[PDB]
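Novice: Okay, handing you the structure first.
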Amino acid sequence: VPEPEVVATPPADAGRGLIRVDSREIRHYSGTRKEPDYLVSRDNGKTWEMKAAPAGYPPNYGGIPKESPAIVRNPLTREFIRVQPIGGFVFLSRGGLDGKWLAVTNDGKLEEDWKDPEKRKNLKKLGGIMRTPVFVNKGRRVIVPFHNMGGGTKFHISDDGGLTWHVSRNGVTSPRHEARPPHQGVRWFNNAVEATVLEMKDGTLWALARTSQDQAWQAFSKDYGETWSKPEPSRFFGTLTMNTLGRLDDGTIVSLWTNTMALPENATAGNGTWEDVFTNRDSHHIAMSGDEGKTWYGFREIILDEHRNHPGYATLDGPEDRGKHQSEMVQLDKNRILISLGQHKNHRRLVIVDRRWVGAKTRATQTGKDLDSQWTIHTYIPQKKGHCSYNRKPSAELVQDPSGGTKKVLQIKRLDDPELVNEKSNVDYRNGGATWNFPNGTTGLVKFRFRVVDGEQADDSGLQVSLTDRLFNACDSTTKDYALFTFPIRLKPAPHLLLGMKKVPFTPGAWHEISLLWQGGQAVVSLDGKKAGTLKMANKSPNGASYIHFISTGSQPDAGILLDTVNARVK
Ligand SMILES: [Ca+2]
Ligand SMILES: [Cl-]
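The sequence shown begins at 25 in the entry's author numbering and counts up by one.
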C-alpha cells in the first residue's frame, strides 16, 4: 500500500480553488491578478499542467494573489458558486465552469455584464474573511463561514442558491490564551476563526474552528446554521492553524489539520493582538471516522516540510508565510484522496493519500535511512525573520555506528551553540531531540534501540522519552508535562532508567532496546526483553498515542545518546 505521493505544486496556497470537473479532470484555480488560469489534471490527479481560463470566466476582482477563490458545486443544479477569501463578488455559473458566469446584485438579481466597472458598483459584497461555501438542508441552503477582526466566526446564509443573503444569529467563539507557565506571554488571539463545516447524517451541522487554545474548538447547529451551541474543545490538537472536514462517497469522514503543539510563548510575545512567530506549521495530518465521528483512526503525518531544518528557512524566495498548514481535499477513487496543502510556492503541495495507509496498524524506521522523510529534529535560531518565522538548524546529526558496519545513527545531545539562545525573550533551544509519528492507538507497543555515546557527559545528561498525541518540537523540553506517558533515561551517576523512584541500570558502550507496551492508563516498560517497571498515564488523551518524542536533558554540552531503530504496532 503506497505512502503519500507528491504529484504537483498548486498555483495558490492551499485551502480554496481545488475542484473536480468530471471523472478525469480536476482543476486548482489561482489568485492571479492577471488573466485567470488554473492547474489542471486530465488523468484523475496523477499529472498536472497550467492552463488559461476561457474568456467567460471572471477575473479575481477580490481576493489576494496567493489565494484562489473558493469554487463549490451546487448539488441540486450542478452549477457552481464562487466566492473569494476576502472581497469581491458572488459568481454563479450557467453551463459549467467554462460556461456563462453571472454576478449577484444587491437586489437579488443576476448581472451578466460584470466586465463593466460601473455595473460592478451594485454587486453583492459578502463581508469578512470567508472560507468554503457548503450546501446543507437537502441542498436547499448554502452557508459561507466568515470571520471579522474580532467577533468570531459567523455564517453568510442563502436560501435561494446565492441570490439573497443574511447572517446567522450567532456563530463560534473561543477563549483568549493566558500567559501561565510554561508560557511567558500571550498567544496571538484568534476568536474561533477559519471554520470548516460538515453536515452530519442526522442533519446537525458541525463547525470546527481555529483558536489560540491547544486544540481547535467546535460548535453544532440544529437549524442549519442560524444558531450554534456553546463552543467546546475538539479532539483535534493544533493552535492557530486551519482545519478541513470532508466526507467520502461511502460516508466516511475525513479530518485534515496540522496536529502540532507550538513552542511555549516567550517573554517578548505581545499582548496577543499580533503574532511574533509560528513554530508549529511544518506538518499536516489526516484522521478518518466510519461512524459519524464517534471513533477515529489514523492521525498520520501526510508530509513533513522539506525545508524545516534550513538556516535560511524564513527568507528563501521572499519573506511571506510558508509551511504545511491549510488544506483542501477531493476524493479520487475508493482508496485514494487528493489533498492540496501548505503555503508558499516552495512548500505548497498536491499529495495523493491512500485510505489503506491511513488505517495501517504498524510503522518502522531507522534514523540513518529515514531522517529526511520521517523525523522532526529541527531547533530554532530564536531571532525573528521574515513574516513571523524563525530560521532553523538540525538539532541532531547522523554519525557512524560505533559497533562497525554501515548504519548511520542519530546523536541526540545538549548542543554548544549560542545562536540558539535569546536572553531577552528568555528562551534556550540547545537541547537536541527527535520525534516520529505512528498510527494512533489507545493500546500499542513501541520499541526503540539506543546507545550511550562514549564521551563526556553532564550531571543531568540523558534522554526524556514521551508518548504524545500530537507533534511536539524536537527542542521542546516541556513535552513531558503534556505527554500521555513519559520517563527519563539518566546517564549519571551511572546509566539507568528512572521509573518512578526505581532505578534500572544498563550498560554504556552497548546497544539496548526499550519497549513501551501501553493499554488504557498504564504502560509497561521493558529493557532488553526484561520487564523494568510500569508507568502511570500522566495525561489523558481524547485519541491515543501517535508520536514518540525524545529530547536530551543535559544543561551543559554533553555527548548524549545514539538512536537507531523505532518500531510501532497499535490495536
Ligand atoms: Ca506568539
Ligand atoms: Cl495566519
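Every residue gets a Cβ at the ideal spot worked out from N, C-alpha and C, and that includes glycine.
So if DSSP puts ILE401 in a beta bridge, which residue, or which two residues, is it bridged to?
Specialist: Residue 401 sits at position 377 when you count from the first residue of the sequence shown. Paired residues: none, contrary to the question.
Novice: Alpha carbon to alpha carbon, how far is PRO82 from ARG234?
Specialist: One-based indexing of the sequence shown puts residue 82 at position 58. One-based indexing of the sequence shown puts residue 234 at position 210. Roughly 31 Å between the two C-alpha positions.
Novice: Quick one: what's got a C-beta closer than 7 Å to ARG57's C-beta in the same chain, skipping five residues either side?
Specialist: Indexing the sequence shown from 1 puts residue 57 at position 33. So the qualifying residues of the chain are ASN84, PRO89.
Novice: Take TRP125 as the anchor and find which of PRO109, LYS393, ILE95, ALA583 has the nearest alpha-carbon.
Specialist: Position 101 of the sequence shown holds residue 125. Of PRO109, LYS393, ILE95, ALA583, the residue nearest in Cα terms is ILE95.
Novice: Between which two residues does the alpha helix (DSSP H) holding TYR506 run?
Specialist: On the sequence shown, position 482 is the one that residue 506 refers to. Taken as a continuous stretch (DSSP letters only), the alpha helix (DSSP H) holding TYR506 covers 503 to 506.
Novice: Note down the Cα distance separating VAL590 from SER576, rounded to an integer number of angstroms.
Specialist: Taking the first residue of the sequence shown as 1, we reach residue 590 at position 566. Taking the first residue of the sequence shown as 1, we reach residue 576 at position 552. Cα-Cα distance, rounded: 17 Å.
Novice: Would you list the one or two residues that DSSP bridges to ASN455?
Specialist: Here residue 455 refers to the residue found at position 431 when the sequence shown is read from its first residue. The partner list for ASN455 (beta bridge, DSSP) reads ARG438.
Novice: Quick one: what does DSSP say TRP230 is sitting in, helix, strand or coil?
Specialist: Counted from its first residue, the sequence shown places residue 230 at position 206. Here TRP230 sits in strand by DSSP.
Novice: With three or more beta-carbon pairs closer than 8 Å as the criterion, would you say the stretch 440 to 460 touches the stretch 543 to 563?
Specialist: Touching, no, given that fewer than three Cβ pairs across the two stretches are closer than 8 Å.
Novice: Contact defined as beta carbons within less than 8 Å: I believe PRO406 pairs with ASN455. What is the distance between those atoms, to the nearest angstrom?
Specialist: Walking along the sequence shown from the start, residue 406 turns up at place 382. Walking along the sequence shown from the start, residue 455 turns up at place 431. Contact doesn't hold; Cβ gap of about 13 Å is too wide.
Novice: Helix, strand or coil for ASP37 per DSSP?
Specialist: As a position in the sequence shown, residue 37 is number 13, starting the count at 1. Strand, per DSSP.
Novice: Let's test the definition: count the other Cβ atoms within 10 Å of the Cβ of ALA518 and tell me whether it reaches 16, buried, or not, exposed.
Specialist: Within the sequence shown, the letter at position 494 stands for residue 518. Exposed, because fewer than 16 other Cβ atoms sit within 10 Å of the Cβ of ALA518.
Novice: Evaluate contact between the stretch 62 to 79 and the stretch 45 to 53, counting only Cβ atoms and requiring at least three cross-stretch pairs below 8 Å.
Specialist: A contact exists between the stretch 62 to 79 and the stretch 45 to 53.
Novice: What does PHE496 pair with, by DSSP beta-bridge criteria?
Specialist: Here the question's residue 496 lines up with position 472 in the sequence shown. In the DSSP output, where bridge partners are listed per residue, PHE496 has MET285.
Novice: Can you round the beta-carbon distance between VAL375 and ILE327 to whole angstroms, since I take them to be within the 8 Å contact cut?
Specialist: Residue numbering aside, residue 375 sits at position 351 when the sequence shown is read from its first letter. Residue numbering aside, residue 327 sits at position 303 when the sequence shown is read from its first letter. About 6 Å; that satisfies the 8 Å criterion.
Novice: Following the continuous beta strand (DSSP E) through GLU443, name the residue where it begins and the one where it ends.
Specialist: On the sequence shown, position 419 is the one that residue 443 refers to. No beta strand (DSSP E) holds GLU443; DSSP gives it neither H nor E.
Novice: Looking at the unbroken alpha helix (DSSP H) that takes in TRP381, where does it start and where does it end?
Specialist: What you label residue 381 is simply residue 357 of the sequence shown in a count that begins at 1. Run containing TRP381: 379 to 382, per the alpha helix (DSSP H) assignment.
Novice: If the criterion is Cβ atoms closer than 8 Å, does the pair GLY392 and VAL433 meet it?
Specialist: For this step, residue 392 is matched to residue 368 along the sequence shown. For this step, residue 433 is matched to residue 409 along the sequence shown. Cβ distance < 8 Å, so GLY392 and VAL433 count as in contact.
Novice: Between the Cα of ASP183 and those of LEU42, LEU287, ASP394, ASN98, spot the shortest distance and give me the residue it belongs to.
Specialist: Against the sequence shown, residue 183 aligns to sequence position 159. It is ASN98 whose Cα lies nearest to the Cα of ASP183.
Novice: Comparing C-alpha positions only, which one of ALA482, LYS504, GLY428 sits nearest to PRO581?
Specialist: By 1-based counting over the sequence shown, the position of residue 581 is 557. It is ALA482 whose Cα lies nearest to the Cα of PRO581.
Novice: Could you compute how far the alpha carbon of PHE574 sits from the alpha carbon of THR284?
Specialist: The residue labelled residue 574 in the question sits at position 550 within the sequence shown. The residue labelled residue 284 in the question sits at position 260 within the sequence shown. Cα-Cα distance, rounded: 16 Å.
Novice: Could you say which of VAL196, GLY249, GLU135, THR430 lies nearest to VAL158 if we only look at CA atoms?
Specialist: Taking the first residue of the sequence shown as position 1, residue 158 is located at position 134. Ranking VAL196, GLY249, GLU135, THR430 by Cα distance to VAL158 puts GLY249 first.
Novice: Using three-state DSSP, classify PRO169 as helix, strand or coil.
Specialist: For the purposes of this step, residue 169 is taken as residue 145 along the sequence shown, with counting starting at 1. Correct three-state label for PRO169: strand.
Novice: Does the Cβ of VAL301 lie closer than 7 Å to at least one heavy atom of ligand 1?
Specialist: Here residue 301 refers to the residue found at position 277 of the sequence shown. Result yes, Cβ under 7 Å from ligand 1.
Novice: So, for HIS371: in the same chain, excluding its five sequence neighbours on each side, which residues have a beta-carbon less than 8 Å away from its beta-carbon?
Specialist: One-based indexing of the sequence shown puts residue 371 at position 347. The residues are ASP329, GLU330, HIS331, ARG346, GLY347, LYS348.
Novice: What alpha helix (DSSP H) runs, 4 residues minimum, are completely inside the stretch 106 to 173?
Specialist: Segments of the alpha helix (DSSP H) lying fully in the stretch 106 to 173: 141 to 144.
Novice: Measuring only the C-alpha atoms, how far is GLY486 from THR510?
Specialist: In the sequence shown, residue 486 corresponds to position 462, counting from 1. In the sequence shown, residue 510 corresponds to position 486, counting from 1. For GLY486 and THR510, the distance between alpha carbons rounds to 13 Å.
Novice: Taking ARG416 as the reference, give the member of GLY336, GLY111, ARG271 with the closest Cα.
Specialist: Residue mapping note: residue 416 aligns to position 392 of the sequence shown, counting from 1. For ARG416, the nearest C-alpha among the options comes from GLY336.
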